[PDB]
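In structure tokens, one chain follows: the form deposited in one PDB entry.
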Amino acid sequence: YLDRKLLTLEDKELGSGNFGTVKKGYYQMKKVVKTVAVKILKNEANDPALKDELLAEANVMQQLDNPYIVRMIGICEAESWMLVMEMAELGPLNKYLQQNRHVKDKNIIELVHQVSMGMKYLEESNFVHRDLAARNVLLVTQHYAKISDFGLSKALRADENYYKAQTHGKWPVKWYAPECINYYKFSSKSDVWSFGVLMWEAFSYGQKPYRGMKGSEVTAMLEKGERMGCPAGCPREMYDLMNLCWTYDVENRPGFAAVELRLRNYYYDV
């Protein structure tokens, strides 16, 4: 738990949501001050499900340590409940690509490879992300991406490779694999499907997937074996990798170790 007197928040808001606000701030470390992004719960954190999601996200972040995952500084209980993270200055990947339409193919491949390295680590650590979308990739620099938003993330049981939800909740269905929608089962292979959607978003410069379709229509499209087309100018090898991520059968779909290998821009052995 952090010291409010060591935290300073900017008057301006960095972003906003139904949970409350996101503010840029500064936190006093051993010697230097560190730039932070702070999620601040609305109405003094009176929504108990908001408070519980904040604490669950913090509990997951405390266990993670990887260069391609946003680092948590901690929780601050003061005027409201705050979750303090190391600032990724350039913000969400989808907004960045919407605003920077000339980012080169090699650079997009570099960034999605970094996401695959963080996901390979999460898979090895037996956590499922469950909200892997371009909006949840944050840029430290134009050449360094980190994964964020672990609000739906789960630590897998020791005897299973999936988290079983009781039924369908309010979910980012356009990023979910068929086994998620049909059987409520979430594995690292389910995150690989989401990663294929994230890839499609990155090469479509932050366009939304399955434009104009209802969730039920997406499910029927996928069950028919249909998939989104190749984004204009997307390298064929990257579109082929999206299609492999969108393998219907969870057993035949690659895991992140296999996907990360396919995103390397150097010779290697399997």
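Here, rigid core means the biggest group of C-alpha atoms that superpose within 1.5 Å across both forms. Residues that one form lacks are left out of the comparison. The numbering used is simple: start at 1 and walk along the sequence shown.
Beyond what is shown, the protein has a form deposited with a partner chain bound; the following relates to that form.
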Report yes if all three of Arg101, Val103 and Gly206 come within 4.5 Å of its partner chain in the bound PDB entry by some heavy atom, otherwise no.
no
The one residue among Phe127, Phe150, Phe186, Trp175 placing a heavy atom within 4.5 Å of its partner chain in the bound PDB entry is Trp175
Going by a heavy atom distance of 4.5 Å, is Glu179 a contact of its partner chain in the bound PDB entry?
no
Using heavy atoms and a 4.5 Å limit, would one call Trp171 a contact residue for its partner chain in the bound PDB entry?
yes
Contact flag, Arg135 vs its partner chain in the bound PDB entry, heavy atom cut 4.5 Å:
yes
Which residue, chosen from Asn43, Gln207, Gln63, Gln28, moves its CA by 2 Å or more between this form and the one not shown under a rigid core superposition?
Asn43
Listed in sequence order, the shifted stretches between this form and the one not shown (at least 3 consecutive residues, every Cα moved by 2 Å or more, rigid core superposed) come to 43 to 45, 265 to 270
